[PDB]
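Protein chains in written order, with PDB author numbering: chain F, 134 to 215; chain G, 134 to 215; chain C, 2 to 161; chain A, 1 to 375; chain B, 1 to 375; chain D, 42 to 174; chain E, 196 to 269.
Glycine included, C-beta positions come from ideal geometry on N, C-alpha and C.
Down below is the structure, laid out as structure tokens.
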Ligand SMILES: Nc1ncnc2c1ncn2[C@@H]1O[C@H](COP(=O)(O)OP(=O)(O)O)[C@@H](O)[C@H]1O
Ligand SMILES: Nc1ncnc2c1ncn2[C@@H]1O[C@H](COP(=O)(O)OP(=O)(O)O)[C@@H](O)[C@H]1O
Ligand SMILES: [Mg+2]
Ligand SMILES: [Mg+2]
């Protein structure tokens, strides 16, 4: 019975240490979750703004093409009327 | 002595649960570490490429302005020709 | 501001019990006499409940601006306020709406950079590297030179 | 709390009953849904032996019981046992009489009508609730993610169903319900463990095989490479201690059990995996909302908790989908209770407060009221 | 601005509603005129789902709506929807109450009387404007060109009409109104796309086909040579990315869709193309103003924006017309908004300020006032 | 880049903005007092019979009724503005703010703080059942 | 919208506040007191209406910023 009491108290201090380790892990978990949420939100915004920029670039490119071609044709016609 | 032994068994199961907590915490934490790093790298790249597109779009704006002016000139020439 | 109101509201049934328990548990003395002026960190370690890190950082920094290194009973109440979630919780959104209206008293449809410039001129705060940098980051959130309402709306959100 | 009246958000499920009051973060009581009569004779007198242990009590005395689930595939096959489970849930795990609380059950899509009608008849006659409402298990999981669009794959333990939703308008013609789920994976794992010598037969040992599946199995990113690696090295063999000793070593059974999800030909099912029924469910939708569904694919349910599934599924869909669309798979850490969290949110809404099936309405139209406007 | 009172130059059109205050260069708000009720059931509660999305809002939620234009061919077939469109235009796109602003609607030539009378009755009773005036859509397009003579071909999206005008005196016996327009070209393009495998059926996918038509189609200078070239080489095949991927390649469908304008036999219409109804409209005029009409042919309306139409039409008319006359086709770059620019100019005139139909006049003679002196 | 300086500048800007808002509120109170002062009618009560008193009362009541009518019209206009603002707010909510429900709830009450009590009670029940024999 | 019902409601509310007095239901001093009471009520109403006008100005601010944001969406 004496030996068993010894083992009981040893396991008792071990259990307290275990609980503390558990709480520390819990706090770390909450922290990392917060960080991940923030960074993912930033990812959303970054992707969306990239898309906006790409679309606008496309539209401006097309308009440039059209107007340039019209100008070239009218230049040819100016020479013709000369 | 029997009561003490029962106490010991209880402590044993609790220690088991604590180690279980430790392992699951570590696993989830490593997972979130992986996700964090991947998200961060991709966010960096996306911001870079979006800014690149923005610069190209501004250049396109200037090009379009040049073309518009030249078309105005050619149109005036053609109408006077008429 | 809300800090004084929080210090006054420290006197309650729950936080008083927390303060009494902390005093009875890990405020006794009988140390080696090192003069542990940094016992606020010891209280944080013995708390068992870690609050938002902003509260702890502000408690460490903003108090004893004179460097006294000594804490009064009123400072005990302030620390216990920092323990629980006694924050104003980002003030009132009505305050943010009224601030945005006062900024748009000229009816510009958004907070122009002139508004922040004149407010900074009135307050006289030293123009550091973060000065103007923050204004350009928030106003040009789209990085296109246009300042939208949501930019400073969310910028002023989440703080008191 | 105090005055006022809170709603009971029960969620029958199939394998774990999750319940709790509306407005919280997690279910109050989660316990397996098994009812096991004793099977041996019993010689001690006055031991106080009951005739049926339900819930979590029968997971501790399972050595001398014959556990039998009352819900096979979403549908309920044994109404007396289900009534017993509900009675236990209300009175012993929550300790709130149902006479003073609205209830919000959940039901899989495309289930038989008679099941739903019997459920409402029981809730109104036996337990005598004030008002109950039945909701589809996928809309709640979409609530919990805080979205309003997206196609949700809710791979529970009974049945896997895939409900696409856009802007709050569900698409009833694009629901693809498949009956492969966690239970079939447990049976297949129990069947392939026999290739090493371990034989589990008793209905009690199915629980041990379920624990093995939960703790060890994972979904391989690429199946053939893993099959080749596990056949040469020995870096995968993880051991596990049975409830009595005699540790066992699981080799390439680790990623072969959950691979059945993506190749249902393993258990003889004809249909395509969960990686291709999602793409088919998307392609049945209109041509203009496919980008949003591609970008907001949501995972839920217990069985989607395998380590490494959110990458395998994304790789598969990216292989199937057009190269331009962005494929994103939302896998919140609170996957298991996603349906119940969504149920709590829905029950806590003010706009929803007039959709309950009030008892006087049931008295006027009978149990067939559930199919009517109050859905 | 300030005191004083500005006029609202609305322009109903058929396909795009263009509006804005009088005296500017471009319409303030341009948005499609479609009203689409949702068609699916809707399961999310409290999402704030409206019963009808109008204007540009229904071009973003078109995946779950059934868009339906309220104006078929110039005439208005669904008065409630048109009233809804007007209410949206006044209150949300311009944010000016109609109680303090005159309005200047536009109407195609040769339209039913009841349409015009109902339009004025609505504007005076529901919106309660101070004074409204209805003008023919071609005279405005002639205003915008700064001319005072010329024959204007206003090929809108609903109806193509060809009003000749000389020295400010319109010739009512020479108006040739033809009902082929942009909508029929969209339907014909949607019908010939099926020859490659692409099937668009839903009323939402008509918008996608319209976008294809706008961005890719062009009018061929010579039809047979283009048909021969597209059948040998592959220099014409331009690709286009659908709203979900799966790029498509348009071959000789590019110049076959807008060719219907010059050969209305493609869609089964009997009449002659827009190249020959202009010549017929000229030949009905007197013998002494034909040279001026030949020299001042004006193009307007959206559908005349196809790349290469101002040359095909000139070639065709030069083929038809006598060899001595000079054929000139005025095609301003601001073709689409030409009618609205002309409307702004007309509303900004001082001489026109006493032609409005004042409300007291309507109260004395009823809605039939519009056919009277105040035209 | 300087987090400490960023926080200091944000706090000083918030405080000075609050002071300016309070100054604006005081200005508004002064303007309201001026409006109340200038809205009074200069009236005389010397050498007027009770018939004139009743006539003045009826005239003042008519003016009060006109002011009330104008106030009700402005209240209706502001109510319409409030309705359209709420419409825009729900538009923003469905565009972006759909995540309000997983924010409006109660968490960390007993499940996150009282969890070992179940195991303790189970062990105590097992011990009591053992001691029953 | 539906100005007839709005007009009817406004007229009904005004008729509710039709504080018409009789001949021998008050005194001359009482009549002056009633006039001053109406004056004070009108002044409180004017303060409330000025606050309402400021709130409507802020509503206009919100309207323009919200329409700007919605246009910025596209
Ligand atoms: N951590 C886990 N890893 C792998 N599988 C799991 C895990 N947790 C639960 N499961 C599987 O999911 C099932 C529980 O699913 P659940 O979502 O409770 O079903 P229901 O929809 O009926 O509630 C269990 O039978 C188990 O097989
Ligand atoms: N850039 C373009 N190229 C070809 N077709 C166009 C273009 N823009 C518009 N259209 C066609 O013209 C129609 C719009 O015509 P519009 O002038 O707005 O009609 P309305 O007279 O009713 O205003 C659209 O339906 C489209 O089919
Ligand atoms: Mg489930
Ligand atoms: Mg037109």
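Quick check on residue i: does DSSP put it in helix, strand or coil?
| i | result |
| --- | --- |
| residue 66 of chain B | strand |
| residue 213 of chain F | helix |
| residue 183 of chain F | helix |
| residue 298 of chain A | strand |
| residue 160 of chain B | strand |
| residue 287 of chain B | coil |
| residue 36 of chain A | strand |
| residue 176 of chain B | strand |
| residue 208 of chain B | helix |
| residue 108 of chain C | coil |
| residue 362 of chain A | helix |
| residue 339 of chain A | helix |
| residue 31 of chain C | coil |
| residue 166 of chain G | helix |
| residue 400 of chain A | Residue coverage of chain A in this structure runs from 1 to 375, which leaves residue 400 of chain A outside it and unanswerable. |
| residue 170 of chain A | strand |
| residue 57 of chain D | helix |
According to the Cβ coordinates, are residue i and residue j closer than 8 angstroms?
| i | j | result |
| --- | --- | --- |
| residue 339 of chain B | residue 134 of chain B | no |
| residue 257 of chain A | residue 174 of chain A | no |
| residue 22 of chain A | residue 347 of chain A | yes |
| residue 70 of chain B | residue 102 of chain B | no |
| residue 236 of chain B | residue 252 of chain B | yes |
| residue 377 of chain B | residue 193 of chain B | Lying before the first or after the last residue shown, residue 377 of chain B is absent from chain B, which here runs from 1 to 375. |
| residue 190 of chain B | residue 206 of chain B | yes |
| residue 194 of chain G | residue 204 of chain F | no |
| residue 212 of chain A | residue 243 of chain A | no |
| residue 138 of chain G | residue 137 of chain F | yes |
| residue 143 of chain A | residue 142 of chain D | yes |
| residue 84 of chain B | residue 43 of chain B | no |
| residue 163 of chain A | residue 181 of chain A | no |
| residue 245 of chain B | residue 283 of chain A | no |
Quick one: what's residue i bridged to in DSSP?
| i | result |
| --- | --- |
| residue 107 of chain B | B/136 |
| residue 29 of chain A | A/19 |
| residue 191 of chain B | Answer is none; residue 191 of chain B lacks a bridge partner. |
| residue 249 of chain B | B/239 |
| residue 11 of chain A | A/18 |
| residue 154 of chain B | B/161, B/300 |
| residue 330 of chain B | B/298 |
| residue 54 of chain B | B/35 |
| residue 274 of chain B | DSSP lists no partner for residue 274 of chain B. |
| field | Quiz: which residues have CB nearer than 5 angstroms to ligand 2 non-hydrogen atoms | value | B/13, B/14, B/15, B/16, B/156, B/157, B/182, B/214, B/301, B/302, B/303, B/305
| Within the chosen definition, does the stretch 87 to 102 of chain B reach the stretch 311 to 320 of chain A through at least 3 CB pairs nearer than 8 angstroms? | no
| task | Could you tell me whether the stretch 62 to 81 of chain A touches the stretch 108 to 115 of chain A, where touching means 3 or more Cβ pairs closer than 8 angstroms? | result | yes
| query | Would you say the stretch 2 to 9 of chain B touches the stretch 36 to 47 of chain B, given that touching needs at least three Cβ pairs under 8 angstroms? | reply | no
| query | Are the stretch 145 to 164 of chain B and the stretch 327 to 346 of chain B in contact at 8 angstroms, needing three or more beta carbon pairs? | reply | These segments touch.
| Should the stretch 265 to 280 of chain B be regarded as contacting the stretch 340 to 359 of chain A, the criterion being three or more beta carbon pairs within less than 8 angstroms? | no
| query | Can you find at least 3 beta carbon pairs, one from the stretch 80 to 89 of chain C and one from the stretch 3 to 20 of chain C, that sit closer than 8 angstroms? | reply | Yes: at least three Cβ pairs fall under 8 angstroms.
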